[PDB]
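S.K.: Before we start, here is the structure in question, set down as structure tokens.
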Amino acid sequence: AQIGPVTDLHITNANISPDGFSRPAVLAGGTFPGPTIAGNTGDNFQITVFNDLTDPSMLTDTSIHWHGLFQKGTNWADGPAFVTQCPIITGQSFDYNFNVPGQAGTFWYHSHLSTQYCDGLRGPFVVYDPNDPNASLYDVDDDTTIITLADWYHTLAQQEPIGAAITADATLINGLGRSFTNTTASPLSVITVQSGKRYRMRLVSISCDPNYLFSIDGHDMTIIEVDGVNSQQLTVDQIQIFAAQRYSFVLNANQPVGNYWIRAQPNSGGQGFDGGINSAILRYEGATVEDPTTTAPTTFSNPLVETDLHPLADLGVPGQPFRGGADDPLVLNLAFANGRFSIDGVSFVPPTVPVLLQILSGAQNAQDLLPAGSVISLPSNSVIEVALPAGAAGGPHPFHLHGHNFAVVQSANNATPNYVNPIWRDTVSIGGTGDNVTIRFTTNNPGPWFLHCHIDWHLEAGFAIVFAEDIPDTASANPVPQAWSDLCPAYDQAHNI
Ligand SMILES: *[C@@H]1O[C@H](CO)[C@@H](O[C@@H]2O[C@H](CO)[C@@H](O)[C@H](O)[C@H]2NC(C)=O)[C@H](O)[C@H]1NC(C)=O
Ligand SMILES: *[C@@H]1O[C@H](CO)[C@@H](O[C@@H]2O[C@H](CO)[C@@H](O)[C@H](O)[C@H]2NC(C)=O)[C@H](O)[C@H]1NC(C)=O
Ligand SMILES: [Cu+2]
Ligand SMILES: [Cu+2]
Ligand SMILES: [Cu+2]
Ligand SMILES: [Cu+2]
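Just so we're aligned: 305 in the authors' numbering is position 305 of the sequence shown, and the numbers increase by one with no gaps anywhere.
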């Protein structure tokens, strides 16, 4: 069952063994992944999060972010710890009460305190459209068509030793998969289809780090949505999906009744499919209950290339059709050294007072805001351009902007900008050395919006900045409930701050 749009959500510790190895975890709704939160476009979500965490090895505080939802007028509900709230302490609850006007598509929810989402607090979040312009392209779209891709670690997130390399121990597809080392034949996930029907598969990366090469033996995939944005139909046989991205694709169950490998190849950790790692099973009704015997091609025929995507709607691009053709053109210097990332020479360290609270308390320029140099003001009602040139170690880095989606004016591995019809999305690979991935948006959403690499280990190591969008209007635009005002006093009392 899907839950929502008005629902309780309990956060707990428990042991799980998704790849056969037992470890404690941080769970929403008692499961990994968490339950799908869903509603319809424009609905009021009220998600009352109960923090019932008792195991300090994975932190007993928490904060949840509703990834890709714009939160206009509810910046207080966005989730990122010390940007928009103080964390919820154990034994307390908090009602994330917000609305989703003008959005429909595939999203997700995750802890946004430290690297706690790696420990398990990650789930899908779907906003259906009763008048979906893509409705007629498929027959089935429900909880059974959601496909999550997750990295899973046997070492707890807080206990990753500083100075050693971090790689995962299993790829989990719909919460199951097999360990890269000491592989056991634990259960694989099964996605069931009926011969002749068409399915809106909602492909969600809930990854803390690796990108996946996703494919389904014998099948192709027709992409119709990119991070919440309806796309023209694009048929591909493989999708490279970066951390926090979503695609919907039409799967036509048009192959012979049988079993077909679903493949998700991470860019780090175990390479290949030996022992059934990196795999799930696509099973047609009436097939024998047995593993697929299919194989991948040596080379895929039609891999997704981001420049091939275009919006279904005539979304265009704001500003002028050249570099710097914006009201506020920015170029970020994105760097890594000595274990820390930095943006324009500053490494993000979360402040003691959340940025939003600072602004509501009367700090009214970005140079008054802490951390110093990590908060950049944006002017209201203006076209913003942000070039994100790559080269920092640990790439390719998927950059994500809260409160907004954006036109991808230039994509990875292609020096040509597109000022006519590029895809809009909310998380984008900035590519490789020499690249100049560039985004554009307009500022019609007052508040502090986080911008950061979505590799959670990089965010923890400082690869972030806060855009304080329309500081003058932030208080008037984002009235705050008493419960929100109560968070920082309660958090600060519980931690003796
Ligand atoms: C990425 O594109 C940006 C513009 O969006 C480039 O910014 C220019 O940088 C040069 C210095 O290299 C300055 O003289 C200009 O003021 C910048 N803005 C312009 C021309 O609009 C940036 O160099 C590009 N970076 C890479 C690595 O290609
Ligand atoms: C590199 O990116 C550019 C810009 O997004 C792509 O160029 C466009 O190509 C399409 C399809 O051929 C044409 O309809 C557009 O007119 C082009 N726009 C521009 C601004 O050139 C290009 O195809 C990409 N390269 C590859 C190899 O995919
Ligand atoms: Cu996210
Ligand atoms: Cu987000
Ligand atoms: Cu990164
Ligand atoms: Cu974030």
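No residue lacks a Cβ here, since even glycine has one placed at the ideal position from N, Cα and C.
(1) Indicate, with yes or no, if ligand 2 has a heavy atom lying under 7 Å from the CB of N414.
(2) Which residues count as close to ligand 5 when the rule is a CB under 6 Å from any of its heavy atoms, in chain order?
(3) Out of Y153, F107, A407, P472, point me to the one whose CA is closest to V126's CA.
(4) Buried or exposed for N338, going by 16 or more other Cβ atoms inside 10 Å?
(5) Considering only heavy atoms of ligand 1, list every residue whose Cβ is less than 5 Å from one of them, following chain order.
(6) Beta-carbon within less than 8 Å of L156's beta-carbon, same chain only, minus the 5 sequence neighbours each way: which residues are those?
(7) Could you say if the segment 409-428 and the segment 302-315 meet the contact criterion of at least three C-beta pairs nearer than 8 Å?
(8) Under 8 Å, do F273 and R263 count as touching if we go by C-beta distance?
(9) Leaving aside the five residues before and after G29 along the sequence, list all residues of the same chain whose C-beta is less than 8 Å from its C-beta, in chain order.
(10) Could you tell me if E285 is buried or exposed, where buried requires 16 or more neighbouring beta carbons within 10 angstroms of its beta carbon?
(11) Quick test of your reading: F348 and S374, contact by CB under 8 Å. State the CB separation rounded to the nearest angstrom.
(12) What is the rounded straight-line gap between the Cα of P266 and the Cα of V49?
(13) For my contact list, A38 and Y128 are in at a C-beta cut-off of 8 Å; report their separation, rounded to the angstrom.
(14) What's the call for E469, buried or exposed, on a 16-neighbour Cβ count within 10 Å?
(15) Could you name the residues of the same chain whose beta carbon sits closer than 8 Å to that of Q320, not counting the 5 residues immediately before and after it, in chain order?
(16) Using the beta-carbon of each residue, find all residues closer than 5 Å to any heavy atom of ligand 4 and list them in chain order.
(17) Which whole-angstrom value describes the C-beta separation of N421 and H310, a residue pair presumed to lie in contact below a C-beta threshold of 8 Å?
(18) At a cut-off of 7 Å, would you count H112 as near ligand 6, judging by its Cβ distance to the nearest heavy atom?
(19) Using DSSP with H/G/I as helix, E/B as strand and the rest coil, what is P329?
(20) Label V289 either buried or exposed according to how many other C-beta atoms from any shown protein chain fall within 10 Å of its C-beta, with 16 as the threshold for buried.
(21) Measure the alpha-carbon distance for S342 versus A287 and round it to whole angstroms.
(22) Can you tell me whether DSSP reads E285 as helix, strand or coil?
(23) Who are the near neighbours of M221 in its chain, counting only those whose CB is closer than 6 Å to its CB and skipping five residues on each side?
(24) Consider the C-beta atom of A244 and the heavy atoms of ligand 3; say whether any pair is separated by less than 7 Å.
(25) Less than 8 Å separating the beta-carbons of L330 and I384?
M.R.: Taking the coordinates as given:
(1) yes
(2) Environment of ligand 5, chain-ordered: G394, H397, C453, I455, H458, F463, taking every residue with Cβ within less than 6 Å of a heavy atom.
(3) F107
(4) Looking at its Cβ environment, which holds fewer than 16 other Cβ atoms inside 10 Å, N338 is exposed.
(5) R323, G324, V331, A387, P389, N436
(6) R23, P24, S57, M58, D119
(7) yes
(8) yes
(9) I3, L9, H10, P35, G123
(10) exposed
(11) 5 Å
(12) 32 Å
(13) 7 Å
(14) buried
(15) Leaving aside the five residues that flank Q320 on each side, the residues in its chain whose CB is nearer than 8 Å to its CB run, in chain order, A326, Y419.
(16) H67, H402
(17) 5 Å
(18) yes
(19) strand
(20) exposed
(21) The alpha-carbon atoms of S342 and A287 are separated by roughly 52 Å.
(22) Three-state result, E285: coil.
(23) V236, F249
(24) yes
(25) yes
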